[PDB]
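Next up, structure tokens for two forms of one chain, structure 1 and then structure 2.
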Structure 1
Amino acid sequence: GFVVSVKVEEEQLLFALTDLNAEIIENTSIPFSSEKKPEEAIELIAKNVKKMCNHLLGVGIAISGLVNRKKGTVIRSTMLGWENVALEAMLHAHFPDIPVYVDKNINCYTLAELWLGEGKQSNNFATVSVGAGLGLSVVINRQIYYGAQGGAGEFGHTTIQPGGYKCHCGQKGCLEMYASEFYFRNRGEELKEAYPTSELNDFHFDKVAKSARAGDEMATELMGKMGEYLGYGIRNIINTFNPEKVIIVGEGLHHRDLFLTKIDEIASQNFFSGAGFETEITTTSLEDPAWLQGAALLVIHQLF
């Protein structure tokens, strides 16, 4: 009795085999750029699901973008450049009598928080992810809020700087262009000429954090500003939702020492704290594999 879950990131596919309590039995990571390559990615997924396995009760998939959870399709992921991808149908060519379920990445994480994490107690909280992009999932009554057609929570594509950086979504000035890994490239390209002896020219989160800790001037400017914008974003979430608490999650937390304080400084100055009512902003006690545990719970709740 087992479930297989998948997280489709932009530069790697993650897999796990879990039991019926979403406890991980095995997990792996396959380097692959899925950008504009859904068919090839899905063949790799099928191959790697088969590799991990009769008593496969389902496959759960966490992915970026607008998903139709009813049909198992990826309507629009501008993170991946995927347009109307029939993910469930395509995997069912390989695994005919195995349920496939798809949901937005951060919604899957939030299922994990609800069942295993600091969303055990709470009934109204928000989950914000930091890393490659910026994600949001809001829980209202221990239920994820999906909005009219499952698209709620594209908080990364709220405008934080009108007229600012061009986003992958087609808009200018999206929060994700300032309050995620994308900022390091957007701003780092502009700063090259001013900082010609910077170590830094790979703008992945890890590399930027490494250089910032090493005292590189450009890297610390990038990391400092990204934290400020993330602070604005979390403040916005607070003033908008009045959540009981905000739970920060995501791979960016490997470098939390470089931005959490900045987030707290900004986000704790909010509409309700002006009256003396503080909103708790806390980091998840779950780790990176909870994206996969959550995608598994996607299947498990469909069963029971």
Structure 2
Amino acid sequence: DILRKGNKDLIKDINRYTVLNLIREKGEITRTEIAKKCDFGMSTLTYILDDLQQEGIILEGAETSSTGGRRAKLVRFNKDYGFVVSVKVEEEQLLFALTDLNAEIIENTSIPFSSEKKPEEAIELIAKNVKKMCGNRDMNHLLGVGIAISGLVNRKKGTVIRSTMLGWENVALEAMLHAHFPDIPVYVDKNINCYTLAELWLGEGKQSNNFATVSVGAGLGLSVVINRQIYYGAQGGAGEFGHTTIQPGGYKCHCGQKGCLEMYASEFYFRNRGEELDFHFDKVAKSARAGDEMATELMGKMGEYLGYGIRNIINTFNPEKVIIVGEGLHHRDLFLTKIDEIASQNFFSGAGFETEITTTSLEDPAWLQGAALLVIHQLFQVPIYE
């Protein structure tokens, strides 16, 4: 990523994208609020807003109440300038959503398919629905495709390095969709990252710039947001906190290591510990509340493991806030008090800074909205790099 040369195009783009983003955030806003918050004289907004309206990305809104005074006319973000299609690839099915530029779902469908070991066919099935959801619309307005998957992703290339869930290896997902949509960006990322984009744009991100998102289900996912940016490692390759070692020589994990955190702090623990003594999360939780000794032990220890996992996310990253999301299970059923009891005693609370641990305020559609946000985030990012 090299910084763009300093010139007039860079000046125009910076001011138009910044003003545009404030308008997105508010939905509607007066020229005067934009001026105060972005430090622009009204005459500069004359040219910026004129260009944006000419593109069709903003619209004239309603007249505001008079305070003197000529009545101001609201500047409205055109959420329908275009649309996005998002896809979520699951074991049993392919979920789809056509969304507006606010990531609000307009249409959604589900196509059942056995995606395990047949990526070629899954891609073609994706390409088909993408074309079908735009069947009663103009495909010029299709601004991109966003894909959420469970696995390891090379974001530099848009390839799925590995997906244990689906039995995929080195699938050039983006390359294959690009043959069907050459002018349309196609982005793939892991589920936890798509969900985190949903929190950033629709959830916790509306009041915080820093938080960590922890998904607990069949595995444990972690995505850290610092200053409204998600942390990725080298070459854009995401870190894998779920596969940190907590017990040397412990349960054999599907990643090839022994003793991974997610083998103790996720639903996998029930499967593992179960065999050593039904183990689906919801049944185990019910049985626990009913006082079954085995079910209470599993829920209790998973809660302890999760607690130490979350404490270490806090100590390692200094996220300020941790959001727990259930992935295929209801997080309110977790031993939340234990998790909080353990993780709230950390390095930073010891020094006078509390870190709040809470649960998501978003619903299931957020996974798909997040996948769409992969595209929207890219479209509205101030283009200072090349």
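Counting starts at 1 and follows the sequence of structure 1. Here the rigid core means the biggest group of C-alpha atoms that line up within 1.5 Å when the two forms are laid on top of each other.
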Picking from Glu287, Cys169, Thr261, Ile30, the place where the chain hinges between its rigid parts between structures 1 and 2 is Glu287
Would you kindly give the rotation angle of the smaller rigid part between structures 1 and 2, in degrees?
19
The CA shift of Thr18 between structures 1 and 2, rigid core aligned, in angstrom, is 3.3
Once you lay the two forms on top of each other by their rigid core, how far has the C-alpha of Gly131 moved between structures 1 and 2, in Å?
1.2
